[PDB]
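# Chain and residue survey
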Amino acid sequence: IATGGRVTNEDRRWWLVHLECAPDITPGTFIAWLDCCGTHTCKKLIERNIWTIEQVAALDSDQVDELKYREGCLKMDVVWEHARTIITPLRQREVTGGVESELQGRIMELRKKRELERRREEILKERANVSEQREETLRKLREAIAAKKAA
Amino acid sequence: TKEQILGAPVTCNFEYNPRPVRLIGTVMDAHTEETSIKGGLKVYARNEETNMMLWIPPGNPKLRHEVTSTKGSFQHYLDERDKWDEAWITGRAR
Amino acid sequence: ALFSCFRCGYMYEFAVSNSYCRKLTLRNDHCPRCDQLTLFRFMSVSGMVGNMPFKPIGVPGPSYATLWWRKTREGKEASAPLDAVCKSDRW
Amino acid sequence: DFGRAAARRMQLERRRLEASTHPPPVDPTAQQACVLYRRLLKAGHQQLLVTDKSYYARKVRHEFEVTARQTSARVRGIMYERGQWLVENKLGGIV
Amino acid sequence: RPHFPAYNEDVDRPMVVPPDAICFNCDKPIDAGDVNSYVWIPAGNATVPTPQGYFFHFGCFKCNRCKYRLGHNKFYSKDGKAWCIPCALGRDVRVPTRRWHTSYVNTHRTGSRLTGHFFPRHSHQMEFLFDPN
Amino acid sequence: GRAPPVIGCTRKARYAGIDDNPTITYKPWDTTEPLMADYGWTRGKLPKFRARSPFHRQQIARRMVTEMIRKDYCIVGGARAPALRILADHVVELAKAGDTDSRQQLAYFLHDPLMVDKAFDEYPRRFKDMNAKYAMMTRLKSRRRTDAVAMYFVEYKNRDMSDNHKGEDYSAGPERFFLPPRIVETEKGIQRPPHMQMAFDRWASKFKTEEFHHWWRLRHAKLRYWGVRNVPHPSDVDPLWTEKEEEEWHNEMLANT
Amino acid sequence: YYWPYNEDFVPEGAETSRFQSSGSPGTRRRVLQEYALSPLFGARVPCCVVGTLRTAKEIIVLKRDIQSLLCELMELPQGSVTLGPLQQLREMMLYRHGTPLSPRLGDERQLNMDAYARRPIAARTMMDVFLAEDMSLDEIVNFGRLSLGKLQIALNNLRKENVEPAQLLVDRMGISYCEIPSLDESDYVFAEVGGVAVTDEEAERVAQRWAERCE
Amino acid sequence: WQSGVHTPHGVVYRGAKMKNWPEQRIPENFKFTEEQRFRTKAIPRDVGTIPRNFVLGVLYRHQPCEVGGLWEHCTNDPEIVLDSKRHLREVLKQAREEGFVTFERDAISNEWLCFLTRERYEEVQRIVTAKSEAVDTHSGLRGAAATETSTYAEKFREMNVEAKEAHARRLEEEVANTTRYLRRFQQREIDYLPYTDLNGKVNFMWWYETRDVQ
Amino acid sequence: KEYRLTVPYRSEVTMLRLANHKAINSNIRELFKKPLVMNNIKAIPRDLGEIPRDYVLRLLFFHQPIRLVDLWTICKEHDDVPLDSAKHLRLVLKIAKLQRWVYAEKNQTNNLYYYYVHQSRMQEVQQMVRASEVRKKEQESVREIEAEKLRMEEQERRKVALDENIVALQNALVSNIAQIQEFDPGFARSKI
RNA sequence: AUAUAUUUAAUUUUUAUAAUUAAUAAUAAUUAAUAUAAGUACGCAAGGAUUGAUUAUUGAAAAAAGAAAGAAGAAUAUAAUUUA
RNA sequence: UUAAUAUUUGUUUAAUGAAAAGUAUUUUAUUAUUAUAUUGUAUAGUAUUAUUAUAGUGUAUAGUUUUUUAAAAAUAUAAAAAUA
Ligand SMILES: [Mg+2]
Ligand SMILES: [Mg+2]
Ligand SMILES: [Zn+2]
Ligand SMILES: [Zn+2]
Ligand SMILES: [Zn+2]
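Residues numbered from 1 in each chain as written, not as in the entry; some residues may be left out. Chains lettered and ligands numbered in written order. Part of a larger assembly, values for the part shown. Heavy atoms only, no water. Residues with missing side-chain atoms left out of burial classes, pairs and counts.

Another aspect to go through is the overall build of chain E. A count of helices and strands for chain E gives 2 helices and 4 strands. Reading chain E from its N end, one meets helices and strands in the order β-β-β-β-α-α. With the C-alpha coordinates aligned to their principal axes, the bounding extent of chain E is approximately 60 × 35 × 25 Å. Across the 133 residues of chain E, 52% fall into the buried class. Sequence-distant contacts in chain E: of pairs separated by 6 or more residues, those separated by 24 or more amount to 58%. Put simply, chain E shows about 6700 Å² of open surface, and 54% of that area lies on carbon and sulfur atoms. (Helix = DSSP H or I, 4+ residues; strand = E, 2+ residues; numbered from the N terminus. Buried < 20%, exposed > 50% of the residue type's maximum accessible area, 1.4 Å probe, protein only. Contact = heavy atoms within 4.5 Å. Areas by Shrake-Rupley, 256 points an atom, 1.4 Å probe, with all protein chains shown as cover.)

Let's shift gears to the sheet that holds strand β6 (residues 202–212) of chain H. Sheet strands pair via backbone hydrogen bonds, and the direction of the pair is either parallel or antiparallel. All names here are of chain H. Ordered by their spatial adjacency, 3 strands build an open sheet running β1-β5-β6, and the pairing between neighbours is mixed. In this open sheet, the two edge strands, each paired with only one partner strand, are β1 (17–18) and β6. Note: strand β5 (residues 186–196) against β6, 11 bridges, orientation antiparallel. Looking across to β6, one finds that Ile190 is bridged to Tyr208. (Pairing = 2+ DSSP bridges.)

Residue and element names in this part refer to chain C. Read from one edge to the other, the open sheet built from 4 strands follows the order β2-β1-β4-β3, with strand pairing classed as antiparallel. A single partner strand is all that each edge strand has here, and the edge strands are β2 (11–13) and β3 (26–31). Across the sheet, the mean angle separating the axes of adjacent strands is 40° when strand polarity is ignored. Pairing geometry for strand β1 (residues 2–5) and β2, over 3 bridges, is antiparallel. Of the residues in β2, the one forming a bridge with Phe3 is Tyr12. Of the strands in this sheet, β1, β2 and β4 (36–44) are in contact with helix α1 (residues 64–73), which crosses β2 at around 110°. (Axes fitted to C-alpha atoms, helices over the stretch in contact; angles between N-to-C directions.)

Here we take up a negative patch on the surface. On the surface, a cluster of negative charge is contributed by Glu133, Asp134, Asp138 and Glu139 of chain G. Mapped onto the fold, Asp138 of chain G is located in helix α4 (residues 137–161). (Patch = residues over 30% accessible without salt bridge, like charges linked within 9 Å, V, L, I, M, F, W, Y side chains within 5 Å. Salt bridge = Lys/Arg side-chain N within 4 Å of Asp/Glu carboxyl O. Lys, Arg positive; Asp, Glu negative; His and termini not counted. Charge placed at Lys NZ, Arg CZ, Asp CG, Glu CD.)

Moving on, we get to the pairing of strand β6 (residues 125–130) of chain G. Remember that side chains alternate between the two faces of the sheet whenever the strand is regular. Residue and element names in this part refer to chain G. The buried count for β6 comes to 5 of 6 residues, which makes it a mostly enclosed element. Sheet topology note: the strand β2 (residues 82–83)/β6 ladder contains 2 bridges and is antiparallel. Within β6, the position partnered with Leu83 by the bridge is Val129. Judged from the 2 bridges that link them, strand β3 (residues 87–88) and β6 form a sheet pairing that is antiparallel. Within β6, the position partnered with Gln88 by the bridge is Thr125.

At the metal site, the zinc ion (ligand 5) is ligated by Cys63 of chain E (SG), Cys66 of chain E (SG), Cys84 of chain E (SG) and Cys87 of chain E (SG), and these contacts range over 2.3 Å. For the zinc ion (ligand 5), the 4 donor atoms in the first shell make angles of 106 to 112° at the metal, a pattern classed as tetrahedral. (Donors = N, O, S within 2.8 Å, 3.2 Å for Na, K, Ca; no water. Tetrahedral: all angles 85-135°; square planar, octahedral: opposite > 155°, others 65-115°.)

Residues and elements named next belong to chain E. Roughly 70 Å³ of internal volume is contained in the largest cavity. In terms of lining residues, the largest cavity is bounded by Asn8, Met15, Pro42, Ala43, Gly44, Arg109, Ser112, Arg113, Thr115, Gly116, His117 and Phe118. For the lining of the largest cavity, the per-class residue count stands at 4 nonpolar, 6 polar and 2 charged. Residues of the lining of the second largest cavity, tallied by class, amount to 1 nonpolar, 3 polar and 2 charged. (1 Å grid on protein atoms, 1.4 Å probe; cavity = no way out; pocket = protein on both sides within 12 Å on 5 of 7 lines; lining within 4 Å. Points joined across faces, edges and corners; volume = space filled by probe spheres on them. Nonpolar A, V, L, I, M, F, W, Y, C, P; charged D, E, K, R; others polar.)

Now for the UniProt feature "binding site: Zn(2+) 1" (unreviewed entry) in chain E. Residue and element names in this part refer to chain E. According to UniProt, the feature "binding site: Zn(2+) 1" (unreviewed entry) maps to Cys23, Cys26, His57 and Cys60 in the numbering used here. Spanning 38 residues, the named residues nonetheless gather at one spot, since no C-alpha pair among them exceeds 8.7 Å. Considering the arrangement of structural elements, one finds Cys23 in the segment before β1 (38–41). If you trace the backbone, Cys26 turns up in the segment before β1. (UniProt positions renumbered as here; feature names shortened; annotations may be inferred.)

A word on the protein's contact with RNA strand J. Around RNA strand J sit 40 residues, and of these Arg2, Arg43, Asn131 and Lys133 of chain F together with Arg90 of chain G come closest. Within 4 Å of the protein, the contacting atoms of RNA strand J are 46% sugar and phosphate, with bases supplying the remainder. Contact between RNA strand J and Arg139 of chain F: a sugar or linking oxygen at 2.8 Å from a side-chain N or O atom of the residue. In this structure, a phosphate oxygen belonging to RNA strand J sits 3.3 Å away from a main-chain N or O atom of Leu94 of chain G. Elements with a contribution of two residues or more to the surface near RNA strand J: α4 (61–71) of chain A together with β2 (46–47), α2 (80–97) and β4 (135–143) of chain F. Among the elements that line the surface near RNA strand J, the one with the most residues is α2 of chain F, at 4 residues. (Near = heavy atom within 4 Å. Polar contact = N/O pair within 3.5 Å; in protein donor to acceptor, adjacent residues only side chain to side chain.)

Before going further, it helps to spend a moment on the interface of chain G and chain B. Where interface size is quoted, it is often the accessible area lost as the parts come together. Each side of the interface is counted separately: chain G has 18 residues, and chain B has 25 residues. Counting across the chain G and chain B interface gives 1 salt bridge. Linking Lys71 of chain B and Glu15 of chain G is a salt bridge whose minimum nitrogen-to-oxygen distance equals 2.9 Å. One can count 8 residue pairs in polar contact joining chain G with chain B. Considering only residue class, the side of chain G that touches chain B consists of 8 nonpolar, 6 polar and 4 charged.

Another point: the UniProt feature "binding site: Zn(2+) 2" (unreviewed entry) in chain E. Residue and element names in this part refer to chain E. In the UniProt entry, the feature "binding site: Zn(2+) 2" (unreviewed entry) is given for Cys63, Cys66, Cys84 and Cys87. For the annotated residues, spread through 25 residues, the largest C-alpha to C-alpha distance comes to 8.4 Å, consistent with a single compact locus. For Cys84, the location among the structural elements is in strand β4 (residues 81–84). What makes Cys84 buried here is its relative accessible area of 6%. Filtering out sequence-adjacent residues up to four positions away, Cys84 remains in contact with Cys63, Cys66, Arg69, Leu70 and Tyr76. As for its position among the elements, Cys87 is in helix α1 (residues 85–88).

Evaluation of the coordinates by the stated rule reveals 64 aromatic pairs over all chains. Considering the side-chain rings of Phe4 of chain E and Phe32 of chain I, the 5.5 Å spacing of their centres and the 75° angle between planes classify their relative orientation as edge-to-face. Taken together, the residues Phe4 of chain E in the segment before β1 and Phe32 of chain I in helix α3 (residues 28–32) connect one chain to another. Under the relative-accessibility criterion, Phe4 of chain E is labelled buried at 10%. Connected via pairs of aromatic rings, a cluster forms that spans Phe177, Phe178, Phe200, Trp203, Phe207, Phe212, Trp215 and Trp249 of chain F. Over the aromatic face of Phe120 of chain F sits the side chain of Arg103 of chain F, whose NZ or CZ is 4.9 Å from the ring centroid. (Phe/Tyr/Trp six-rings, centres within 6.5 Å; stacked < 30°, edge-to-face > 60°. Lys NZ or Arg CZ within 6 Å of the ring centre and 35° of its normal.)

For the rest of this paragraph, the subject is the interface of chain A and chain G. With 37 residues of chain A at the interface, the matching set in chain G holds 42 residues. Between chain A and chain G, a total of about 3700 Å² is buried, with carbon and sulfur atoms accounting for 54% of that surface. By the criterion of area lost to chain G, the three top residues of chain A are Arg13, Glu20 and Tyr69 of chain A, representing 21% of everything that side buries. Viewed at the interface, chain G and chain A are joined by 5 salt bridges. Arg13 of chain A serves as the salt-bridge partner of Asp187 of chain G, at 3.1 Å between the closest nitrogen and oxygen. (Buried area = accessible area lost by both parts, 1.4 Å probe.)

Here it is, written out as structure tokens:
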């Protein structure tokens with residue numbers, strides 16, 4: 001993300017609406033997922049013992065200044081703003097997963113699973129029954145051939 | 001990312017007269033990671049006897065394509081790649 | 001490239017760049033089995049160090065001997081006795 | 001060849017073993033053929049609104065009488081299975 | 001055009017100089033790797049004597065009966081000694097016009113390198129690579 | 001949608017800007033990584049100095065970077081100077097990264113593993129407090145007489161923060177090319193790393209033999225037979241290294257400690 | 001041709017992370033509507049942006065004393081003023097105007113309308129000043145105007161001359177600029193999300209859901 | 001190597017530690033992304049003379065070994081030089097490439113065992129004897145202590161076969177106990193420094209020291 | 001002039017093709033491409049005599065007859081073969097024909113090798129090979145006896161190895177006791 | 001198979017600024033698919049015209065008034081993305 | 001005059017004994033061993049320091065160390081897509 005030099009409400013809304021495109025991202029995921037988090041930034045954060053988006057969001061402005069003007073992290077402000085912007089829905093995902101659960105429901109989850117297994121069993125039962133009918137028709141052909149040979 | 005997008009089946013409905021065309025084709029390549037007006041998507045769709053390689057641009061109101069796998073399936077991507085390669089080499093007249 | 005020791009036949013692999021084209025035929029390298037400096041000869045060919053222009057990283061690729069040499073020391077039947085101690089994918 | 005080609009050949013061999021275990025479908029007999037014909041005729045006369053019932057019966061008779069007698073026994077069984085599919089799926093969209 | 005590979009791969013059966021190594025005409029020890037004064041003729045066989053190829057000194061690669069060089073650089077083993085084809089076939093001793101008591105042969109299997117065992121060795125070794133197992 | 005008025009990648013002029021139109025264009029390799037850049041006359045590429053081939057150009061670049069890391073500076077000519085400066089920046093970037101892949105890449109590129117080690121030892125601590133532009137390029141007012149090409153002095157910036165080259169004076173070269181470089185009076189008591197000191201001592205003692213004097217006189221004879229002017233006669237030549245000169249140079253080296 | 005991805009691009013037997021919530025476009029649109037109507041987290045309104053002519057490497061050592069003196073200037077209890085990250089404005093040779101990374105000037109058109117030019121650069125390193133989150137925008141802008149006036153009076157006194165918090169900020173801390181940033185209007189209301197119009201009742205439902213999640 | 005990112009939380013390897021490597025605490029909610037886990041690259045361990053000799057000494061102590069209990073035996077060994085199970089696996093792979101040890105599979109228990117090759121068994125025995133003599137020369141004791149140790153050795157030698165086996169089991173379990181106790185007082189620091197050989201290849205030079213921790 | 005040579009990053013095969021130096025373990029094909037008066041490559045030393053002769057004699061008396069390609073494939077199928085090429089096999093068979101060991105008779109469209117001149121000596125050599133196989137079986141029985149002896153020797157090795165393990169663990173034990181006595185001798189005095 | 005002369009195509013490098021005139025590249029006798037006028041006019045009848053629209057054929061053009069011995073990039077597409 | 005011309009441009013060495021040929025001031029060229037007078041050892045040719053390894057033995061890892069230049073046309077080679 002460019003941000004043109006400063007993080008704005010449009011960038012925060014961008015991150016918020018892109019949070020849908022990452023359902024498996026928890027508040028405890030690694031720091032390389034945040035935008036503009038290069039290898040230098042990630043190594044400096046690991047030196048600071050920062051392995052988590054929560055630990056990035058819990059940083060202080062003085063620590064961010066130290067990381068940006070004494071360590072060499074250019075987009076440290078952008079990484080920190082991204083973390084602070086996305087940290088609040090991540091806590092909800094971790095504690096309950098509200099936006100992920102209230103829209104589907106365990107009832108619909110189990111319904112989908114049961115219908116999936118029933119359809120998968122029916123697909124094979126169709127072939128089982130058609131093979132049974134084929135064997136029955138083969139036996140009927142054998143009986144008809146025996147009758148014709150007797151005739 | 002590419003490693004998690006390529007290989008996913010895509011259901012594409014294209015509004016065409018007199019009846020919209022409905023296809024299912026796996027992702028072969030993507031041109032942009034995040035959403036963008038130049039996003040792009042490369043899809044290989046194979047019908048009963050027809051094999052085609054579509055490049056669907058994003059944001060067209062007539063070309064409604066949806067990714068449904070939610071996952072990558074790199075092995076399925078490799079299988080579809082080999083199928084398309086064999087079909088493309090076969091289709092040339094000799 | 002893949003090199004073997006002249007005295008014992010110990011084999012190790014290492015890609016050769018454009019700055020070491022003179023040392024592609026014969027390498028004077030320390031041998032771990034002989035525990036001293038031995039002469040190493042060129043055995044099989046690897047792909048390259050750099051990239052061929054407008055060609056992928058796989059082109060050209062190693063020969064069948066290099067691919068076979070790796071598969072005997074690291075693979076399904078090779079790492080199976082070693083997947084029970086550490087499972088290298090993990091620590 | 002390669003590892004992927006070897007795996008593909010092994011998968012094809014397994015599929016061919018399964019297909020060889022499975023038998024050729026069917027050569028239908030007169031009794032079940034007439035049963036299917038009666039089912040088709042009754043289903044048409046039950047749900048055949050705009051299509052001429054006479055023309056439908058003529059088409060079914062023509063099929064059962066000439067198409068199977070012209071084609072091979074395997075295709076006869078394929079036609080039998082397809083007629084059963086039509087009976088179960090409402091003549092295949094014949095409105 | 002030459003129709004033979006270069007840098008023969010010995011991954012299937014490595015051809016290395018043994019620690020103990022005697023001559024065929026001399027039955028005396030030779031230098032192992034410090035000097036290439038010996039002549040190595042490898043063929044990938046453990047057949048006695050001197051498995052995975054016998055060895056000759058440069059000066060002694062000559063026939064043992066007539067003490068002369070070889071015609072086409074091909075010697076004949078005779079009860080543990082190396083003879084020449086005119087000696088083995090029973091013909092008369094022919095003095096060569098060129099060098100007498102030494103033959104044209106390279107050192108350290110350089111002359112016998114373009115022919116022998118290459119990769120792959122057997123057929124079951126290629127299927128080991130192309131199979132996932 | 002339609003196509004641009006000029007379709008396909010068409011070579012433009014040297015000073016023509018970008019077009020910013022949809023065009024299927026592929027790069028030869030990933031030039032974003034250090035020491036893997038491409039040479040060309042567009043702005044996205046390094047200025048390709050003259051060479052018989054891209055392979056020869058890469059060899060010249062490798063020897064340039066090797067000598068640059070060796071003696072902390074290099075006087076080059078023409079379009080070689082921007083390429084040398086950018087490649088020195090790339091080397092410093094790899095050294096500050098300090099990965100095993102970075103070590104292996106700098107070893108693949110350089111001609112001297114000892115110089116690879118020297119770079120990875122010195123440059124991190126030397127340019128820890130710098131963001132970019134680790135090398136300085138100065139266009140000299142004197143030109144190479146043979147081809148009238150513009151000369152450029154390329155060096156590294158943090159001279160004082162370095163272990164080697166701490167206090168070295170480049171206003172004038174040493175008395176001999178095998179002698180240690182000049183040192184300012186203020187930094188006379190400086191000390192060098194022992195491994196680099198031993199390497200330099202070995203390379204310098206290489207030239208203290210009589211076979212080198214014979215090579216020197218034979219080079220005089222060769223260049224005189226090849227038509228090169230202002231080359232004296234091997235009878236009039238005199239050795240670069242003698243006993244009394246070596247004694248006083250050893251005295252000065254012990255003074256500089 | 002060549003495919004851009006080799007076989008070893010993804011290790012066999014390893015699964016990748018999922019890139020969307022569900023395969024259903026309706027559920028996708030509902031989750032997108034939730035995340036679009038969500039309140040803007042991590043968004044703060046600074047009362048004033050304070051800037052100095054020095055560099056961030058020189059101001060980091062004094063950033064805490066600046067916080068204390070700004071608290072004393074606001075006349076608030078100690079620990080109510082928070083300083084944002086230091087932003088070093090781009091050292092520009094041409095000086096395009098209006099850019100967020102452009103160095104500030106000691107003059108504005110509203111201040112000197114009849115002036116044929118502007119005054120030279122007054123700030124090169126800036127920092128936002130945030131109050132407590134419970135404070136309203138009215139109190140925020142009041143404190144901002146108060147600090148602006150006090151710092152302007154302190155700069156005038158310094159210019160006329162050569163214990164007060166403003167005098168300390170101007171002399172010891174080297175602070176030479178203060179501005180009031182305009183309200184950010186970048187976030188526009190999503191009237192429709194995914195083509196489906198967002199009703200007032202659905203917007204209130206999403207607001208209540210997010211309020212309960214924050215609670 | 002950290003306890004949370006490279007291994008599940010709660011586990012720890014009782015072995016030599018790397019010098020100046022902080023054992024920083026990783027939160028429990030930490031998880032890697034499926035794509036980020038692929039591109040992780042570990043530093044190469046030391047498969048050199050000291051680690052291979054240590055592993056060969058363990059494999060000579062336990063004749064034969066099994067790949068499961070090999071790490072436990074290495075941890076019980078007093079002078080452990082291995083860093084972790086990855087270092088152990090790399091040293092095993094290097095020994096297999098050099099030909100010191102071979103890997104077989106028992107058809108009874110369906111488990112992989114590590115046997116010593118007949119051609120290299122003599123060199124392994126020589127290495128073990130040299131290491132024993134070095135440990136004897138380095139170990140310090142008074143006259144009475146040396147006399148008591150010699151008497152105990154003579155008694156263990158004069159004991160029977162099964163008596164010697166039971167004595168060896170008791171001795172190795174007491175060695176395991178005293179090593180677990182002494183580890184709390186001192187550890188083994190492994191230090192490394194990369195360099196490049198004349199062939200342009202990058203390899204590390206390693207030092208192994210002992211440092212007291214209180 | 002070659003594209004592979006002008007390419008900035010040369011491949012290993014491209015660098016091999018530049019190995020025109022007459023040296024040990026060099027590019028033999030690239031050195032053979034140049035004329036014989038330029039490259040010092042003498043004739044190929046092909047070992048002839050009884051060593052390949054008896055081998056091909058056994059392999060041919062087994063089948064009697066086989067074609068040349070079949071003989072070469074059957075030989076290559078084995079592990080130890082004194083023959084390096086089908087041309088070497090051809091030269092050995094030609095020398096054997098000259099010495100009246102094998103004779104080649106042409107069928108309707110091919111030639112096959114037979115043993116008719118030395119058929120009695122061929123059967124004698126076959127019986128000698130069979131007796132050598134019987135002696136190999138007797139040596140395998142002697143190797144089973146020597147393996148019982150080696151099991152006894154391995155029991156002795158296990159005895160000395162457990163003694164070495166005891167004397168080593170006792171040394172490690174006393175070293176750890178000394179260390180613990182240096183640090184906190186209470187535990188050492190408790191363990192005695 | 002030759003630039004020697006003529007003749008042409010360019011150029012003489014930010015010129016804040018085309019256009020009073022010289023000279024100068026596109027002056028329909030188009031073709032093919034549709035559909036509408038219309039199932040009209042016109043024919044004894046079967047039949048059945050003329051016809052301005054979309055595609056099809058895929059391009060766009062302005063001459064002379066300013067300070068000149070580097071790369072019109074300080075070059076890895078930023079007018080210095082922190083910099084000792 | 002052509003001619004501000006064409007042409008040259010010295011930044012990286014993979015190989016080993018004669019004779020014809022060549023006489024270039026070898027100042028004592030070598031310093032010695034053996035034995036035994038005398039005699040002679042360095043550099044081709046194609047009008048040249050030139051597309052050039054004179055193939056008489058013999059075999060070999062000594063790297064057995066003179067090729068400028070910052071964009072263009074035409075030409076010369078080499079490569080040159082999922083079009084045919
Ligand atoms: Mg001008
Ligand atoms: Mg001449
Ligand atoms: Zn070795
Ligand atoms: Zn001999
Ligand atoms: Zn002879």
